[PDB]
Structure formats: C-alpha cells, structure tokens
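Structure file target.tsv (TSV, C-alpha atoms) follows.
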```tsv
chain	number	residue	atom	x	y	z
A	1	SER	CA	-17.29	-12.64	-9.22
A	2	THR	CA	-16.43	-9.48	-7.32
A	3	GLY	CA	-15.41	-8.42	-3.84
A	4	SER	CA	-15.65	-5.13	-1.93
A	5	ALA	CA	-14.06	-4.40	1.45
A	6	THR	CA	-13.67	-1.28	3.52
A	7	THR	CA	-10.15	-0.21	4.40
A	8	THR	CA	-9.58	1.84	7.56
A	9	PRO	CA	-6.67	4.02	8.69
A	10	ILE	CA	-4.78	2.51	11.64
A	11	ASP	CA	-4.31	5.87	13.37
A	12	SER	CA	-5.06	9.59	13.14
A	13	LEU	CA	-2.22	10.17	10.66
A	14	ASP	CA	-3.23	7.55	8.07
A	15	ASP	CA	0.11	5.80	8.66
A	16	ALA	CA	-1.36	2.67	7.07
A	17	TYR	CA	-4.72	1.12	6.26
A	18	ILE	CA	-6.15	-2.21	7.39
A	19	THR	CA	-8.74	-4.35	5.64
A	20	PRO	CA	-10.50	-7.34	7.19
A	21	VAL	CA	-9.69	-10.68	5.57
A	22	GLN	CA	-11.35	-14.03	6.30
A	23	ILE	CA	-8.92	-16.96	6.49
A	24	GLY	CA	-9.78	-20.60	7.00
A	25	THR	CA	-12.82	-22.62	8.03
A	26	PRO	CA	-14.48	-21.49	10.20
A	27	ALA	CA	-13.35	-18.01	9.21
A	28	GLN	CA	-10.60	-16.33	11.20
A	29	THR	CA	-10.78	-12.61	10.48
A	30	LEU	CA	-7.46	-10.76	10.48
A	31	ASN	CA	-6.87	-7.10	9.62
A	32	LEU	CA	-4.26	-6.99	6.88
A	33	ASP	CA	-2.29	-4.20	5.25
A	34	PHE	CA	-3.04	-4.41	1.52
A	35	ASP	CA	0.30	-3.67	-0.14
A	36	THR	CA	0.57	-3.06	-3.89
A	37	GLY	CA	4.35	-2.90	-3.39
A	38	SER	CA	4.86	-6.53	-2.33
A	39	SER	CA	3.55	-9.96	-3.20
A	40	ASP	CA	3.33	-12.06	-0.02
A	41	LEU	CA	0.20	-12.68	2.04
A	42	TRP	CA	1.61	-13.24	5.52
A	43	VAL	CA	0.03	-13.29	8.94
A	44	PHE	CA	0.77	-13.29	12.61
A	45	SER	CA	0.00	-16.82	13.71
A	46	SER	CA	0.03	-19.45	16.42
A	47	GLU	CA	3.59	-20.15	15.20
A	48	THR	CA	4.87	-16.61	15.76
A	49	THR	CA	7.53	-16.35	18.48
A	50	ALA	CA	5.46	-15.44	21.55
A	51	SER	CA	7.61	-12.49	22.61
A	52	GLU	CA	7.07	-10.95	19.17
A	53	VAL	CA	3.27	-10.91	19.43
A	54	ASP	CA	1.82	-7.86	21.20
A	55	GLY	CA	-1.91	-7.43	20.63
A	56	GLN	CA	-2.26	-8.73	17.07
A	57	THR	CA	-4.91	-11.20	16.05
A	58	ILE	CA	-3.32	-14.51	15.04
A	59	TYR	CA	-4.16	-17.15	12.47
A	60	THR	CA	-4.21	-20.65	13.97
A	61	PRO	CA	-4.04	-23.13	11.08
A	62	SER	CA	-4.73	-26.11	13.35
A	63	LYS	CA	-8.22	-24.67	13.94
A	64	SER	CA	-8.96	-24.43	10.21
A	65	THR	CA	-10.38	-27.55	8.60
A	66	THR	CA	-9.27	-26.30	5.16
A	67	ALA	CA	-5.67	-25.45	6.11
A	68	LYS	CA	-2.92	-27.62	4.64
A	69	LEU	CA	0.79	-27.29	5.33
A	70	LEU	CA	2.60	-26.53	2.08
A	71	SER	CA	5.34	-29.06	2.64
A	72	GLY	CA	8.88	-27.74	2.58
A	73	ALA	CA	7.88	-24.16	1.80
A	74	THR	CA	9.41	-21.21	3.63
A	75	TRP	CA	9.36	-17.45	3.14
A	76	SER	CA	11.39	-14.45	4.22
A	77	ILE	CA	10.83	-10.83	3.30
A	78	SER	CA	12.44	-7.47	3.99
A	79	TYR	CA	10.62	-4.22	3.28
A	80	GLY	CA	11.86	-0.81	2.17
A	81	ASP	CA	11.40	0.56	5.68
A	82	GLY	CA	13.83	-2.02	7.09
A	83	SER	CA	11.20	-4.27	8.66
A	84	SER	CA	11.05	-8.01	7.99
A	85	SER	CA	9.33	-11.30	8.71
A	86	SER	CA	9.68	-14.99	7.87
A	87	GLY	CA	8.12	-18.40	8.41
A	88	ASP	CA	6.42	-21.36	6.76
A	89	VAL	CA	3.38	-21.71	4.51
A	90	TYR	CA	-0.13	-23.10	4.51
A	91	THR	CA	-2.75	-23.12	1.81
A	92	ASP	CA	-6.24	-22.19	2.94
A	93	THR	CA	-9.42	-20.44	1.89
A	94	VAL	CA	-9.14	-16.65	1.88
A	95	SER	CA	-12.01	-14.22	1.33
A	96	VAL	CA	-11.93	-10.45	0.91
A	97	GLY	CA	-15.19	-8.55	0.87
A	98	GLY	CA	-17.14	-11.56	-0.39
A	99	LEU	CA	-14.58	-12.73	-2.97
A	100	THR	CA	-13.20	-16.19	-2.13
A	101	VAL	CA	-10.00	-17.90	-3.24
A	102	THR	CA	-9.42	-21.52	-2.33
A	103	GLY	CA	-5.86	-22.81	-2.05
A	104	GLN	CA	-4.35	-19.40	-1.33
A	105	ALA	CA	-0.83	-19.45	0.07
A	106	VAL	CA	-1.06	-18.06	3.61
A	107	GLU	CA	2.43	-17.38	4.89
A	108	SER	CA	2.58	-17.98	8.63
A	109	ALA	CA	5.12	-15.88	10.51
A	110	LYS	CA	7.54	-17.60	12.84
A	111	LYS	CA	9.51	-14.35	13.23
A	112	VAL	CA	8.63	-10.69	12.77
A	113	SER	CA	10.78	-7.59	13.28
A	114	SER	CA	10.18	-5.15	16.10
A	115	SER	CA	8.20	-2.63	14.04
A	116	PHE	CA	5.58	-5.29	13.31
A	117	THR	CA	5.41	-6.39	16.96
A	118	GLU	CA	5.02	-2.80	18.05
A	119	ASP	CA	2.06	-2.18	15.75
A	120	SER	CA	-0.85	-3.97	17.38
A	121	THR	CA	-3.27	-2.93	14.62
A	122	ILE	CA	-1.68	-4.81	11.69
A	123	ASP	CA	-2.16	-8.58	11.71
A	124	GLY	CA	-0.16	-9.11	8.51
A	125	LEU	CA	0.16	-8.04	4.88
A	126	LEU	CA	-1.71	-8.93	1.71
A	127	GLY	CA	0.54	-8.32	-1.26
A	128	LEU	CA	-0.93	-7.01	-4.49
A	129	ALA	CA	2.19	-6.44	-6.60
A	130	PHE	CA	3.13	-9.03	-9.25
A	131	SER	CA	3.63	-12.62	-8.19
A	132	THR	CA	7.19	-12.59	-9.54
A	133	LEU	CA	8.14	-10.84	-6.25
A	134	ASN	CA	6.63	-13.53	-4.02
A	135	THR	CA	9.30	-14.87	-1.64
A	136	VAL	CA	8.08	-18.43	-1.05
A	137	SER	CA	10.78	-21.01	-1.65
A	138	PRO	CA	11.31	-23.43	-3.32
A	139	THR	CA	8.00	-22.95	-5.17
A	140	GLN	CA	6.94	-19.32	-5.64
A	141	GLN	CA	3.29	-18.67	-4.85
A	142	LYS	CA	0.64	-16.44	-6.40
A	143	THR	CA	-0.97	-13.36	-4.88
A	144	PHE	CA	-4.61	-13.28	-3.89
A	145	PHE	CA	-5.37	-11.12	-6.94
A	146	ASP	CA	-3.47	-13.41	-9.29
A	147	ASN	CA	-5.44	-16.40	-7.97
A	148	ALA	CA	-8.79	-14.58	-8.18
A	149	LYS	CA	-8.23	-12.90	-11.53
A	150	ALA	CA	-9.71	-15.43	-13.93
A	151	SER	CA	-12.91	-15.62	-11.84
A	152	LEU	CA	-13.37	-11.86	-11.61
A	153	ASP	CA	-15.95	-10.08	-13.78
A	154	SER	CA	-13.03	-7.89	-14.96
A	155	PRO	CA	-9.35	-8.52	-14.12
A	156	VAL	CA	-8.93	-5.41	-11.98
A	157	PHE	CA	-8.86	-4.14	-8.46
A	158	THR	CA	-9.27	-0.57	-7.26
A	159	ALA	CA	-7.89	1.38	-4.31
A	160	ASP	CA	-9.95	4.26	-2.93
A	161	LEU	CA	-8.11	5.31	0.21
A	162	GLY	CA	-9.60	7.94	2.49
A	163	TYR	CA	-8.00	10.99	4.08
A	164	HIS	CA	-8.56	10.56	7.82
A	165	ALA	CA	-11.51	8.33	6.88
A	166	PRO	CA	-12.30	4.82	5.69
A	167	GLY	CA	-12.12	3.88	2.02
A	168	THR	CA	-12.58	0.86	-0.20
A	169	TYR	CA	-10.77	-1.90	-2.05
A	170	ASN	CA	-12.86	-3.42	-4.84
A	171	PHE	CA	-12.02	-6.53	-6.85
A	172	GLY	CA	-13.44	-7.30	-10.27
A	173	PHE	CA	-15.31	-4.08	-11.06
A	174	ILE	CA	-14.99	-0.30	-11.32
A	175	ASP	CA	-17.45	1.62	-9.17
A	176	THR	CA	-18.35	4.48	-11.50
A	177	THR	CA	-19.96	6.38	-8.59
A	178	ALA	CA	-16.67	6.51	-6.66
A	179	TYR	CA	-14.85	9.15	-8.71
A	180	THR	CA	-15.43	12.37	-10.61
A	181	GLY	CA	-14.66	13.02	-14.26
A	182	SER	CA	-12.86	10.29	-16.18
A	183	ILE	CA	-10.21	7.71	-15.37
A	184	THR	CA	-6.92	8.35	-17.16
A	185	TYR	CA	-4.98	5.20	-17.87
A	186	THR	CA	-1.22	5.05	-18.15
A	187	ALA	CA	1.36	2.39	-19.07
A	188	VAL	CA	2.86	0.00	-16.52
A	189	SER	CA	6.21	-1.76	-16.55
A	190	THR	CA	6.18	-5.03	-14.64
A	191	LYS	CA	9.93	-5.55	-15.10
A	192	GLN	CA	10.70	-4.94	-11.40
A	193	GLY	CA	7.52	-6.70	-10.20
A	194	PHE	CA	5.81	-3.43	-9.25
A	195	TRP	CA	2.96	-1.32	-10.57
A	196	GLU	CA	5.56	0.98	-12.09
A	197	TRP	CA	4.49	3.93	-14.21
A	198	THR	CA	5.70	7.36	-15.35
A	199	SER	CA	4.10	10.54	-14.10
A	200	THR	CA	4.14	13.42	-16.57
A	201	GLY	CA	5.13	16.10	-14.06
A	202	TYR	CA	4.12	18.17	-11.07
A	203	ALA	CA	3.03	21.53	-9.68
A	204	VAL	CA	3.41	23.08	-6.23
A	205	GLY	CA	0.37	24.94	-4.95
A	206	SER	CA	-1.01	27.30	-7.57
A	207	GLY	CA	2.31	27.26	-9.43
A	208	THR	CA	2.86	26.36	-13.06
A	209	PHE	CA	2.98	22.71	-14.04
A	210	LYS	CA	6.45	21.33	-14.75
A	211	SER	CA	6.42	18.73	-17.51
A	212	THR	CA	8.94	16.08	-16.57
A	213	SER	CA	8.91	12.29	-16.54
A	214	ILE	CA	8.91	10.74	-13.06
A	215	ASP	CA	9.12	6.95	-12.99
A	216	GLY	CA	7.75	5.45	-9.80
A	217	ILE	CA	5.54	2.82	-8.24
A	218	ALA	CA	1.95	2.92	-7.02
A	219	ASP	CA	2.41	1.54	-3.52
A	220	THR	CA	-0.46	1.34	-1.07
A	221	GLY	CA	1.87	-0.15	1.54
A	222	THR	CA	4.05	2.98	1.78
A	223	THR	CA	2.69	5.91	3.76
A	224	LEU	CA	4.44	8.86	2.14
A	225	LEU	CA	5.18	10.28	-1.32
A	226	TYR	CA	8.86	9.81	-2.21
A	227	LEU	CA	10.07	11.83	-5.20
A	228	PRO	CA	13.36	13.12	-6.64
A	229	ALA	CA	15.24	15.58	-4.48
A	230	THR	CA	14.77	18.39	-7.00
A	231	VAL	CA	10.98	18.04	-6.85
A	232	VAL	CA	10.87	17.72	-3.08
A	233	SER	CA	13.10	20.77	-2.59
A	234	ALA	CA	10.82	22.79	-4.87
A	235	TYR	CA	7.82	21.78	-2.75
A	236	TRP	CA	9.31	22.57	0.67
A	237	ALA	CA	10.80	25.87	-0.53
A	238	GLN	CA	7.18	27.11	-0.55
A	239	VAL	CA	6.79	26.46	3.19
A	240	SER	CA	8.39	29.07	5.46
A	241	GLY	CA	10.77	27.47	7.92
A	242	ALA	CA	10.75	24.01	6.32
A	243	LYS	CA	14.09	22.22	6.25
A	244	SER	CA	15.62	18.83	5.69
A	245	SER	CA	16.70	17.41	9.01
A	246	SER	CA	19.29	14.63	8.96
A	247	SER	CA	18.59	13.94	12.65
A	248	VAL	CA	14.85	13.49	12.10
A	249	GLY	CA	15.29	11.73	8.75
A	250	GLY	CA	13.63	14.07	6.29
A	251	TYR	CA	11.86	17.33	5.74
A	252	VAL	CA	10.18	18.92	8.72
A	253	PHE	CA	8.17	22.10	8.87
A	254	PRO	CA	6.66	24.41	11.50
A	255	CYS	CA	3.39	22.94	12.69
A	256	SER	CA	1.92	26.47	12.39
A	257	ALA	CA	2.32	26.36	8.59
A	258	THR	CA	-0.41	26.15	6.00
A	259	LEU	CA	0.88	23.63	3.45
A	260	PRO	CA	0.46	24.11	-0.29
A	261	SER	CA	-1.12	21.43	-2.44
A	262	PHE	CA	0.95	19.19	-4.70
A	263	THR	CA	-0.22	18.16	-8.15
A	264	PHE	CA	1.07	15.19	-10.12
A	265	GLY	CA	0.44	14.38	-13.77
A	266	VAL	CA	-1.14	11.26	-15.18
A	267	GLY	CA	-0.88	11.70	-18.94
A	268	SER	CA	-2.65	14.98	-19.62
A	269	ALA	CA	-4.67	14.64	-16.40
A	270	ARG	CA	-3.82	16.09	-13.01
A	271	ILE	CA	-4.28	14.73	-9.48
A	272	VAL	CA	-4.23	17.35	-6.72
A	273	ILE	CA	-3.03	16.37	-3.27
A	274	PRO	CA	-4.41	18.93	-0.78
A	275	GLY	CA	-1.85	20.49	1.54
A	276	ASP	CA	-3.38	18.93	4.64
A	277	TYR	CA	-2.64	15.43	3.24
A	278	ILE	CA	1.08	16.30	3.48
A	279	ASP	CA	0.98	16.97	7.27
A	280	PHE	CA	2.20	14.02	9.36
A	281	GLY	CA	2.09	15.88	12.62
A	282	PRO	CA	4.61	16.53	15.39
A	283	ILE	CA	7.93	14.72	15.10
A	284	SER	CA	7.53	13.74	18.76
A	285	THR	CA	4.68	14.31	21.16
A	286	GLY	CA	4.31	18.00	21.98
A	287	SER	CA	6.80	19.20	19.37
A	288	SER	CA	6.01	22.20	17.17
A	289	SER	CA	8.09	20.67	14.36
A	290	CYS	CA	5.94	18.57	12.04
A	291	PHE	CA	6.96	15.76	9.69
A	292	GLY	CA	6.40	16.22	5.97
A	293	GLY	CA	4.45	13.83	3.79
A	294	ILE	CA	6.56	14.45	0.69
A	295	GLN	CA	10.14	13.22	1.08
A	296	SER	CA	13.15	12.57	-1.10
A	297	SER	CA	13.55	9.21	-2.77
A	298	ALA	CA	17.31	9.73	-3.07
A	299	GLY	CA	18.96	6.60	-1.78
A	300	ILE	CA	15.76	4.53	-2.06
A	301	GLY	CA	16.55	3.91	-5.70
A	302	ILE	CA	12.94	4.32	-6.80
A	303	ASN	CA	10.21	6.95	-6.56
A	304	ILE	CA	7.18	5.85	-4.58
A	305	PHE	CA	3.62	7.10	-5.01
A	306	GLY	CA	2.52	6.00	-1.54
A	307	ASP	CA	-0.68	6.68	0.35
A	308	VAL	CA	-0.24	10.47	0.42
A	309	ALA	CA	-0.56	10.46	-3.36
A	310	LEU	CA	-2.91	7.54	-3.87
A	311	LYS	CA	-5.51	8.71	-1.35
A	312	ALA	CA	-6.05	11.82	-3.48
A	313	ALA	CA	-7.28	9.56	-6.31
A	314	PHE	CA	-9.45	6.64	-7.29
A	315	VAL	CA	-6.85	4.18	-8.56
A	316	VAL	CA	-7.40	1.27	-10.95
A	317	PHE	CA	-4.91	-1.59	-10.93
A	318	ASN	CA	-5.72	-3.18	-14.28
A	319	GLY	CA	-4.41	-6.72	-14.42
A	320	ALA	CA	-5.28	-7.37	-18.05
A	321	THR	CA	-2.75	-9.26	-20.20
A	322	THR	CA	-0.91	-5.95	-20.55
A	323	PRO	CA	-1.39	-4.29	-17.16
A	324	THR	CA	-2.10	-0.57	-16.84
A	325	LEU	CA	-2.91	1.91	-14.07
A	326	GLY	CA	-5.85	4.29	-13.99
A	327	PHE	CA	-6.22	7.47	-11.94
A	328	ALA	CA	-9.30	9.63	-11.42
A	329	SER	CA	-10.01	12.58	-9.15
A	330	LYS	CA	-12.71	12.03	-6.52
```

Please rewrite the model in this file as structure tokens.
Amino acid sequence: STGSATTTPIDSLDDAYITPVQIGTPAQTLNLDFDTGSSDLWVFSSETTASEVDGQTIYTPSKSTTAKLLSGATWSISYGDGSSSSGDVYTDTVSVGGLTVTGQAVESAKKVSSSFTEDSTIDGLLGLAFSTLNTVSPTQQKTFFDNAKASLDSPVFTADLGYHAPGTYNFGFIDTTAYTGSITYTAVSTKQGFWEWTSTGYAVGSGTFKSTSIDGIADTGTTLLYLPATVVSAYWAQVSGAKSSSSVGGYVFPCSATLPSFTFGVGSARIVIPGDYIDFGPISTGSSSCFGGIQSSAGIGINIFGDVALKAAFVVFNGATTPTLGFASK
C-alpha cells in the first residue's frame, strides 16, 4: 500500500505545516502537524477542557463507531518549545492520503498548553519519530508509520515541504519526479529516538565549504534551523547589522537586508537553503527588525534540522531494519 497527502503552511511564514488526517468512522478530518521529532498522535477532542479550545477542529470518539477506549492508558508530552498536552487514549481507524491503519492509538487531549490553544490552525500532532519516544502509559503505543510499515510497498516515508507553498508527505514509495539529481543517503542513530544523523559541514553564501561533523535531527515539527553557535555566528556575520538579541531570543537582522544562502552537507552532496528561506519577518508587527531562521542550538542540547533546512530538500525517512535518511535537491 501507499499514501500521499498534501501538507500546507499554516501562515505566510511557514511556521508549521498541516496535513489532513481522517480519524474514525465516519471519518472526522483533522489537520495535524506531522512531526518527525516526536512519536505521539494526539488531537484536540470533545474531552479537551473547553476554555483551551479556540477554533480547532475536535475529534469526538463517541461519534466514531470504530473508536475504543484504551483502558487505563494516559499520555503527557512536553515539547522543545515549552508547549505541552496530556489526556487519555482511544484506538481508531486513521487514514493519511489513502493509507489506512486500523487500531491506531489516537491520544485525546484533556489539557493543552496556551500555545496550542492560541493556534487555531493545528488540530493536533502526528508523530513520526521512533516509537520508543511514545509517551502512552502504562503500555507504550506505536506511531502511524510504525503501524503501517509492514503493509507499505517500501518501508519509507518522504517529506517534501514547500517554501511559502504546499508540499507533500508520501508513505510507501519514492516519487522520482519530485527531486533533481540523486538522493544521498546517510546513517541514522536511533539511540535517542530521533532521526539523528551527521551533516558533513556547511557554507555561507558563495563561501568555501567547511568540512565539519554536525550531529543533529531531521525534525519536521520544528520551524527553524538550530546549529552550533560557531556556525550560526559565521552565518550572521555576513549580514550587515545582524545581532543576537537576548531580549528577542535570538538573531535578528535589518528587514532591508538581502540574506545569503546557507549550504549543508549530506555526505559528499550539498543542500542549498536560499537566503529568503531564512527570513522570518518582523519581530513584531511593523518592526524593521526581522527574525532569523538560523539560530543557535546552544542550550537546546541538540542540533535541529527543522523546516528551514528540510524544505530545501526532498527527504527520505527510510524505516528499513537499519534506518537511514536520504536528501535530494529539488
């Protein structure tokens, strides 16, 4: 089997991407944030504290003839951005782009943090990291991909995120028309539950490539590119007037700037992030100071190849017995 679904930016900055997901019988379609950095499929629901719902579409398990309470199961998650959610668990039928999993754990939120409430466009998350990170207790549950894998034509999914435009998540096949040149594959460590890999280096603009190992995670659920402070300083030094602002919480730059590209290595291959991908617009409405899309990972504890990086590539998440990651230009 295979599935193919379009993923759409939630706003003009590509702050996140949403993908429609069918849950239950009859289908209830919710727009979920596909997150290769976590492993819970959770939704706003009829059980979510009313004051914490503000415009989201909710899953109502009582209206699904295939929903079953997973007795005794609870979940609770906190994300790298400080947001969180928690609740109980149903199993139900879940379909993405024509690919159907029966008995998928659907984690129903009783509580969500303010940042979730305040984002009306995201109805929940669909985790695509390794199931070892799933938070359901006392019986850990599998991700949608993990459940679908054996049925897929090939045990893979691909992320093809757009810049200021829709893109695609495919399950079970590689669309050879969706990228240019070849796909370069690189080793993955699953030891921390992530799609963790080692970039071979970077370049800033038309500058020379610096060969250096950068361990980090491919994370579709993180907006920005978080890299070591040395690398980030080298990037922003090429932008007149750019500075790290403790008050704003990262590098900012004059909105009048033309940003240089940023290249990262995948083995001997190179992925070029155009400068415009690194512009996250005014820090506040009407400001001429703009927020940078490349930020320091210092104090995160891990480097994160978030959407800024991934949207410059066609990315293969290969869930073979020994997982790997593939990157192609597009």

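Here atom CA of residue A:252 and atom CA of residue A:291 stand 4.6 Å from one another.
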
What are the closest atom pairs, with distances in Å to one decimal, for each residue of stretch 100-200 of chain A lying within 8 Å of stretch 262-279 of chain A, using all atoms listed in the file, rows by chain and rising residue number, as JSON lines?
```
{"residue": "A:163", "atom": "CA", "partner": "A:277", "partner_atom": "CA", "distance": 7.0}
{"residue": "A:184", "atom": "CA", "partner": "A:269", "partner_atom": "CA", "distance": 6.7}
{"residue": "A:185", "atom": "CA", "partner": "A:266", "partner_atom": "CA", "distance": 7.7}
{"residue": "A:186", "atom": "CA", "partner": "A:267", "partner_atom": "CA", "distance": 6.7}
{"residue": "A:198", "atom": "CA", "partner": "A:266", "partner_atom": "CA", "distance": 7.9}
{"residue": "A:199", "atom": "CA", "partner": "A:265", "partner_atom": "CA", "distance": 5.3}
{"residue": "A:200", "atom": "CA", "partner": "A:265", "partner_atom": "CA", "distance": 4.7}
```

Take the residues just selected and output them with C-alpha atoms as a PDB file, keeping the file's coordinate frame.
```
ATOM      1  CA  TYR A 163      -8.000  10.990   4.080  1.00  0.00           C
ATOM      2  CA  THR A 184      -6.920   8.350 -17.160  1.00  0.00           C
ATOM      3  CA  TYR A 185      -4.980   5.200 -17.870  1.00  0.00           C
ATOM      4  CA  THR A 186      -1.220   5.050 -18.150  1.00  0.00           C
ATOM      5  CA  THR A 198       5.700   7.360 -15.350  1.00  0.00           C
ATOM      6  CA  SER A 199       4.100  10.540 -14.100  1.00  0.00           C
ATOM      7  CA  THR A 200       4.140  13.420 -16.570  1.00  0.00           C
TER       8      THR A 200
END
```

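If all atoms listed in the file are the atoms counted, then among A:245, A:28, A:176, A:189 the closest residue to residue A:329 is A:176.
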
As a short mmCIF file (atom, residue, chain, number, x, y, z; two decimals) with C-alpha atoms, in the frame of the given file, please: the residues near residue A:194 (cut-off 7 Å, all atoms listed in the file, same-chain neighbours under 4 positions excluded).
```cif
data_model
loop_
_atom_site.label_atom_id
_atom_site.label_comp_id
_atom_site.auth_asym_id
_atom_site.auth_seq_id
_atom_site.Cartn_x
_atom_site.Cartn_y
_atom_site.Cartn_z
CA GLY A 37 4.35 -2.90 -3.39
CA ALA A 129 2.19 -6.44 -6.60
CA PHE A 130 3.13 -9.03 -9.25
CA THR A 190 6.18 -5.03 -14.64
CA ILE A 217 5.54 2.82 -8.24
#
```

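Among A:326, A:293, A:127, A:286, the residue with the shortest atom-to-atom distance to residue A:221, counting only C-alpha atoms, is A:127.
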
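Going from atom CA of residue A:188 to atom CA of residue A:80 covers 20.8 Å.
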
Please provide the set of residues having any atom within 9 Å of residue A:3, restricted to only C-alpha atoms, with same-chain residues fewer than 2 positions apart removed, written as an mmCIF file with C-alpha atoms, in the coordinates of the input.
```cif
data_model
loop_
_atom_site.group_PDB
_atom_site.id
_atom_site.type_symbol
_atom_site.label_atom_id
_atom_site.label_comp_id
_atom_site.auth_asym_id
_atom_site.auth_seq_id
_atom_site.Cartn_x
_atom_site.Cartn_y
_atom_site.Cartn_z
ATOM 1 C CA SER A 1 -17.290 -12.640 -9.220
ATOM 2 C CA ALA A 5 -14.060 -4.400 1.450
ATOM 3 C CA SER A 95 -12.010 -14.220 1.330
ATOM 4 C CA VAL A 96 -11.930 -10.450 0.910
ATOM 5 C CA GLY A 97 -15.190 -8.550 0.870
ATOM 6 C CA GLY A 98 -17.140 -11.560 -0.390
ATOM 7 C CA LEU A 99 -14.580 -12.730 -2.970
ATOM 8 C CA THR A 100 -13.200 -16.190 -2.130
ATOM 9 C CA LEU A 152 -13.370 -11.860 -11.610
ATOM 10 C CA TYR A 169 -10.770 -1.900 -2.050
ATOM 11 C CA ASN A 170 -12.860 -3.420 -4.840
ATOM 12 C CA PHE A 171 -12.020 -6.530 -6.850
ATOM 13 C CA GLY A 172 -13.440 -7.300 -10.270
ATOM 14 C CA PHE A 173 -15.310 -4.080 -11.060
#
```

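The residue that comes closest to residue A:94, out of A:143, A:51, A:76, A:57 and on the basis of all atoms listed in the file, is A:143.
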
message: Here's a test: counting all atoms listed in the file, identify every protein, DNA and RNA residue with an atom at most 10 Å from (-0.4, -7.2, -8.1) in the file's coordinate frame, and state them as a ChimeraX atom specification.
response: /A:35-39,127-133,142-146,156-157,190,193-195,317-319,323

Written selection (C-alpha atoms) as a JSON list (two decimals), keeping the file's coordinate frame:
```
[["chain", "number", "residue", "atom", "x", "y", "z"],
["A", 35, "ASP", "CA", 0.30, -3.67, -0.14],
["A", 36, "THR", "CA", 0.57, -3.06, -3.89],
["A", 37, "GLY", "CA", 4.35, -2.90, -3.39],
["A", 38, "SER", "CA", 4.86, -6.53, -2.33],
["A", 39, "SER", "CA", 3.55, -9.96, -3.20],
["A", 127, "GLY", "CA", 0.54, -8.32, -1.26],
["A", 128, "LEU", "CA", -0.93, -7.01, -4.49],
["A", 129, "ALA", "CA", 2.19, -6.44, -6.60],
["A", 130, "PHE", "CA", 3.13, -9.03, -9.25],
["A", 131, "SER", "CA", 3.63, -12.62, -8.19],
["A", 132, "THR", "CA", 7.19, -12.59, -9.54],
["A", 133, "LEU", "CA", 8.14, -10.84, -6.25],
["A", 142, "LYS", "CA", 0.64, -16.44, -6.40],
["A", 143, "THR", "CA", -0.97, -13.36, -4.88],
["A", 144, "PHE", "CA", -4.61, -13.28, -3.89],
["A", 145, "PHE", "CA", -5.37, -11.12, -6.94],
["A", 146, "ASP", "CA", -3.47, -13.41, -9.29],
["A", 156, "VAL", "CA", -8.93, -5.41, -11.98],
["A", 157, "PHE", "CA", -8.86, -4.14, -8.46],
["A", 190, "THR", "CA", 6.18, -5.03, -14.64],
["A", 193, "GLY", "CA", 7.52, -6.70, -10.20],
["A", 194, "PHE", "CA", 5.81, -3.43, -9.25],
["A", 195, "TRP", "CA", 2.96, -1.32, -10.57],
["A", 317, "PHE", "CA", -4.91, -1.59, -10.93],
["A", 318, "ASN", "CA", -5.72, -3.18, -14.28],
["A", 319, "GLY", "CA", -4.41, -6.72, -14.42],
["A", 323, "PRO", "CA", -1.39, -4.29, -17.16]]
```

Neighbours of point (-2.1, -7.3, 5.1) within 6 Å, using all atoms listed in the file, written as a PDB file with C-alpha atoms, in the frame of the given file:
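Generated file (result_21.pdb):
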```
ATOM      1  CA  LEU A  32      -4.260  -6.990   6.880  1.00  0.00           C
ATOM      2  CA  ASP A  33      -2.290  -4.200   5.250  1.00  0.00           C
ATOM      3  CA  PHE A  34      -3.040  -4.410   1.520  1.00  0.00           C
ATOM      4  CA  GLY A 124      -0.160  -9.110   8.510  1.00  0.00           C
ATOM      5  CA  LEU A 125       0.160  -8.040   4.880  1.00  0.00           C
ATOM      6  CA  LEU A 126      -1.710  -8.930   1.710  1.00  0.00           C
TER       7      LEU A 126
END
```

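Using only C-alpha atoms for every distance, the candidate list A:164, A:330, A:149, A:210 yields A:164 as the residue closest to residue A:14.
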
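With distances taken over all atoms listed in the file, A:255 is the one residue among A:165, A:255, A:174, A:122 lying closest to residue A:290.
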
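Minimum atom-to-atom distances from A:22, A:177, A:48, A:65 to residue A:113 were compared using all atoms listed in the file, and the lowest value belongs to A:48.
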
message: Please list as a PyMOL selection string every residue within 8 Å of residue A:70, counting all atoms listed in the file and excluding residues in the same chain fewer than 6 positions away.
response: chain A and resi 88-91

- request: Determine, counting only C-alpha atoms, which protein, DNA and RNA residues have an atom within 8 Å of an atom of residue A:236; residues of the same chain fewer than 6 positions away are not included. Present the result as a PyMOL selection string.
  value: chain A and resi 242-243+251

Straight-line distance linking atom CA of residue A:121 with atom CA of residue A:78, stated in Å to one decimal: 19.5 Å

- request: Within 12 Å of residue A:138, counting all atoms listed in the file, which residues show up once you throw out same-chain ones fewer than 2 positions away? Write them as a PyMOL selection string, please.
  value: chain A and resi 70-76+88-89+134-136+140-141
